[PDB]
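Consider the single chain below, provided in structure tokens and representing the form solved without the ligand.
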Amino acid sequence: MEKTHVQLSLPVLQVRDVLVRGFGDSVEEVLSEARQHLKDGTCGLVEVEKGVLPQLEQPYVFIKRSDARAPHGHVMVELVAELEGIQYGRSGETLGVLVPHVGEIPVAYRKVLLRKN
């Protein structure tokens, strides 16, 4: 059975390498697909810097810090989607935007403890 949180190590991708620049076409779909790719080990993370979001496809799926005081290095996170400037969920600081991973070479791995909600 699925625990409330799962430890994952996500490949961190540079935005210009990403081949599939979002998870879908509605908030509900992107959240659903992100969660599936996270379970399958086929989800990457792009760190948000100036110029990143316009190079990715909306709706966006962010991982945001959900909790403080981070077990074994994995930051606790939850998913929040964004479309047209409106966010679906509320949480803490953004760690990055999730994208499909289809074999791109990462620059780093990001350890997270993901809330499965």
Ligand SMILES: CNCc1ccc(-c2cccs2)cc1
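In case it trips you up, residue 1 is the first one in the sequence shown, and so on.
The same protein also has a form deposited with the ligand bound, omitted here; what follows describes it.
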Ligand-site call, the ligand overlaid in the bound PDB entry, backbone or C-beta contacts under 2.4 Å, 3+ atoms: open
Non-hydrogen atom contact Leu38 with the ligand in the bound PDB entry at 4.5 angstroms: yes
Contact label in the bound PDB entry: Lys111 to the ligand, heavy atom within 4.5 Å: no
